[PDB]
Amino acid sequence: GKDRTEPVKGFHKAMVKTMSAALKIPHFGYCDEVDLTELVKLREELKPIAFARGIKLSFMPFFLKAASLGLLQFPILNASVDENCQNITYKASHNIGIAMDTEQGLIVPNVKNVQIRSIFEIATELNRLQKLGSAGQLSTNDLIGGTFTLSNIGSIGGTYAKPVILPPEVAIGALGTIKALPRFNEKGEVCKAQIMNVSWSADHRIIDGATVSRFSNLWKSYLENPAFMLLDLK
Amino acid sequence: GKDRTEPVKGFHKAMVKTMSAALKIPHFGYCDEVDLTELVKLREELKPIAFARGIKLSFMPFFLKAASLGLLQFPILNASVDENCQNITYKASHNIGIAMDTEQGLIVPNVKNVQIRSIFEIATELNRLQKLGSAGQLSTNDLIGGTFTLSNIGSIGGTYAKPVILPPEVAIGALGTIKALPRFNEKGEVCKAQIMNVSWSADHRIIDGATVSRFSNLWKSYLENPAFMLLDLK
Amino acid sequence: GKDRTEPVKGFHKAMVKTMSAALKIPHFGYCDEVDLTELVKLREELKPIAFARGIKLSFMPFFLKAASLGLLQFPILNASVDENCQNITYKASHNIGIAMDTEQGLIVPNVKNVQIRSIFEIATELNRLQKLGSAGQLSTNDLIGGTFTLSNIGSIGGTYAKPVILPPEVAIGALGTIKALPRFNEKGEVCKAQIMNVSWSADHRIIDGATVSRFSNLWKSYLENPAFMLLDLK
Amino acid sequence: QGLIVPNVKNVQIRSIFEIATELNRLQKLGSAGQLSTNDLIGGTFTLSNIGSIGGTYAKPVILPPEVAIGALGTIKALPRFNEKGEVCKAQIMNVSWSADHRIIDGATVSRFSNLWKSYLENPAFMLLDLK
Ligand SMILES: CC(C)(COP(=O)(O)OP(=O)(O)OC[C@H]1O[C@@H](n2cnc3c(N)ncnc32)[C@H](O)[C@@H]1OP(=O)(O)O)[C@@H](O)C(=O)NCCC(=O)NCCSO
Ligand SMILES: [Cl-]
Ligand SMILES: [Cl-]
Ligand SMILES: [Cl-]
Ligand SMILES: [Cl-]
């Protein structure tokens, strides 16, 4: 009915600072679609094992394990850059951020050392972070040390996106809604395919188009063909 | 023929100033597709009535009314921030800008108080703004006071886009070309769907992903299910 | 399993500088899908004439010639602006850059004077630039004078992208992976269509949405209907 | 107690949803015998939903000093032709208007009924002008 001016205060002040700092990063965008038909089936077969263990298993633990496997081949995506992009710190831990918005705005807790965790341990840790997130009881150690982020915008809606990189990280992916679409198979028959879009932003001062693209193709081959993941897990 | 250097002058200076000011806004992109099969059919039913009343009825009056209804639920999308983004002004009037290009460049008049205007009054005012716009006759009061912008790039071409936010607004949507695509219905049969893409940009210092995504899903439910709009209009 | 700090040095310094200068450009993005079914067929028929002449003929020569044709109608897209964007230099030569990542190296050699070259001459020069490109032997003259850029990300992967404009240029296009998708023909029958995505970025200080979109529609008509190119070539 | 005719105030500035809200409120009070004076007075036009129980057509009695009343019959599925000429399931409802013919002529009641019916047969017609 009438205009109203309000302070930006509290835990809101941090998104202002974080996003302002991201203006120093020249964002390159690269996007793709990934055929999740096989993963959808896989997850349905694994759901009762996870539920029998008291864990909810979404698609995120798969996306995270695949990003970790890709980041081992393209370690420059799990790196940080200094004040005027003069030196690159290759970071060994894959502490991968889960962007969540609470009844308080943006919170980005991370799963620590994804590289040494099984898909099941990741699911476990995701459930612990969601439980604390929704309670507003995430601790400092859950929030610091992030090295890469994924934003599952599709748990709510969307296709493509242009996510903003979280300084001092150099990359972020946004995942869209998994949707059944008509797609051709090998024999050229119109089939039901479970398609998801992915939108990557990368700091183009240090990350070139080919690196993000090859990383993305690798992440994508692991999800399209989850058996590729098996080959090198211990 | 040979290189020719040339002053940017007169009205062309304003887009330079406007777009350069937009560099201060950390843009977040969120996109989606909307199924407009039912709206396309509905617009065909209404076309003859609007025509009898001397109005061209396009899709815009629908997009605008659905945007207004969505903004009632997500009022922070119809708001401004100050230089530092220290304070937010929630703006009560939905003065929704219509980006148009003329030979002197970018011109964004707005429809005042969309929230108390019907789809037919919105179409009338759009028609008035287009005529004036093309004749170079927009008033100062047609141009000032905008609180939110839509850009129908799809009147010319395109699917997705990354629109630039117009300070001091915090969000803008770009609408792509409505195109027929093969999509599944609930029976799981390949049907002819009229699909349109939407691309929202939002000032990420104060707007998080969930807000823009929930707003978008609401706008989109009103357009996919126009019955939804009827429930709360008077 | 330890972090490692490493200087950015050598030809890695140049991408930092270029991409940081690009932060001063307010990027507008505009995207589309192009139906390349006829072109895929056309290239297949020319491929054997190309081989006989000792030339590999990809899609890029077609993309390059159609861009040069559109740039003739929309010369503002082949222009540069100054520091504070007070003067436009319309550049006569179409020196179209081909963004390449080597092992080096974001490197962007260009095809000089595309406006006076046949598709086969463009393919010849592309082959030369690819040969020297992969040997790290591209010369200074191959690298300078660029006026517009295309980035074939789809040689590796992708659908849409957000490419970064290369100062002092005002536009860049990124081309996604050509992929067969079910699409309707005029009869409303589900056909196999070779679809490619294009993502344009343009300096919205001097380039409006209508210009990039009409240019894109023109480029796209030339590729969807390659007969249109025949009419006006000499 | 027999006949009770509360009314919804100023329908012209109310949404379908606010009208539903007021109907529920009036139904609830009506059935507790708790309708207020204000609920009961000021009526300008009346509808009687006979079809909540049964019926097709009816002859409703106008309520002085109003000039018109409509009675709504039971909605039911009847075989009807589409525009192709195929036999379709159609949900058919009858409406019966009574109007004071000293001042309301037949063209007025018919034209009003045709407009009322257009809005219900084609609901998007309501979308056009609601705010
Ligand atoms: C915290 C979290 C990432 C966790 O996501 P998650 O691990 O998928 O868990 P969830 O939300 O409980 O998922 C529940 C259901 O949604 C489904 N789902 C999740 N992501 C999906 C996607 N991209 N597409 C389709 N379905 C999805 C899951 O399959 C699950 O389905 P069932 O209940 O049928 O098994 C998510 O809830 C969230 O907050 N994401 C929002 C991202 C965001 O807000 N980013 C904005 C950008 S800037 O502020
Ligand atoms: Cl940028
Ligand atoms: Cl940004
Ligand atoms: Cl910008
Ligand atoms: Cl598609």
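Residues numbered from 1 in each chain as written, not as in the entry; some residues may be left out. Chains lettered and ligands numbered in written order. Part of a larger assembly, values for the part shown. Heavy atoms only, no water.

1. Observations regarding the sheet that holds strand β1 (residues 4–7) of chain A
Hydrogen bonds between backbone atoms are what pair the strands of a sheet, whose relative direction is either parallel or antiparallel. Ordered in space as β1(A)-β4(B)-β3(B), the 3 strands form an open sheet in which the pairing is antiparallel. Looking at strand neighbours, the two that pair on one side only are β1 of chain A together with β3 (79–81) of chain B, the edges of this open sheet. Neighbour-to-neighbour, the strand axes of the sheet open up by a mean angle of 25 degrees, direction not taken into account. (Pairing = 2+ DSSP bridges. Helix = DSSP H or I, 4+ residues; strand = E, 2+ residues; numbered from the N terminus. Axes fitted to C-alpha atoms, helices over the stretch in contact; angles between N-to-C directions.)

2. What about the relation of the copies chain A and chain B?
In this structure, two copies of a chain are linked by a rotation about an axis accompanied by a shift along it. Overlaying chain A with chain B gives an RMSD of 0.3 Å, the required rotation being 120 degrees about an axis along which the chain moves by 0.1 Å. Given the turn and translation reported, the copies of this chain are related as if by a three-fold rotation axis. Distance from the rotation axis, computed per C-alpha, reaches its smallest value in chain A at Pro182(A): 4.1 Å. Here only 12% of the interface residues in chain A have copies in chain B that are interface residues too; the copies meet through unlike faces. (Least-squares fit on C-alpha atoms. Contact = heavy atoms within 4.5 Å.)

3. So, the interface of chain A and chain B
Taken residue by residue, the interface counts 33 residues in chain A and 37 residues in chain B. Here chain A meets chain B over a buried area of about 2,800 Å², counting both sides, of which 62% is carbon and sulfur. Applying the counting rule to chain A against chain B returns 1 salt bridge. For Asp32(B), the salt bridge goes to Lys179(A), with nearest N and O atoms at 3.3 Å. The interface formed by chain A and chain B includes 17 residue pairs in polar contact. Those elements giving two or more residues to the side of chain A that touches chain B turn out to be β1, α1 (13–21), β10 (161–162), β12 (179–184) and β13 (190–203) of chain A. (Buried area = accessible area lost by both parts, 1.4 Å probe. Salt bridge = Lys/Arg side-chain N within 4 Å of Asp/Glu carboxyl O. Polar contact = N/O pair within 3.5 Å; in protein donor to acceptor, adjacent residues only side chain to side chain.)

4. Digging into the site of ligand 1
Contacts to ligand 1 come from 23 residues, most closely from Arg43(A), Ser58(A), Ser151(A), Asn152(A) and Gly176(A). Chains contributing residues to the immediate surroundings of ligand 1 are chains A and B. A distance of 2.8 Å separates a nitrogen atom of ligand 1 from a polar side-chain atom of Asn152(A). The set of elements that each furnish at least two residues to the shell around ligand 1 consists of α2 (37–52) and β6 (100–102) of chain A. Here the shell around ligand 1 is built from residues that sort into 9 nonpolar, 10 polar and 4 charged. (Near = heavy atom within 4 Å. Nonpolar A, V, L, I, M, F, W, Y, C, P; charged D, E, K, R; others polar.)

5. Quick look at the packing of aromatic side chains
The description of an aromatic ring pair uses the distance of the two centres, along with the angle that the planes make with each other. Counted under the stated rule, the structure contains 25 aromatic pairs over all chains. Aromatic side chains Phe59(A) and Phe63(A) sit 6.2 Å apart centroid to centroid with 15 degrees between the ring planes, which places their arrangement in the stacked category. The two residues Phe59(A) and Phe63(A) agree in class, both being buried. Assessed through its relative accessible area of 1%, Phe63(A) is described here as buried. Through successive ring pairs, a cluster of aromatic residues spans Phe59(A), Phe63(A), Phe148(A), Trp200(A), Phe215(A) and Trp219(A). Directly above the aromatic system of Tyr90(B) lies the positively charged group of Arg4(A), at a separation of 4.4 Å from the ring centroid. A cation over a ring is seen here: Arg53(A) above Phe120(A), with NZ or CZ 4.4 Å from the ring centre. (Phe/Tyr/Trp six-rings, centres within 6.5 Å; stacked < 30°, edge-to-face > 60°. Buried < 20%, exposed > 50% of the residue type's maximum accessible area, 1.4 Å probe, protein only. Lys NZ or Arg CZ within 6 Å of the ring centre and 35° of its normal.)

That is the geometry; function is a separate question.
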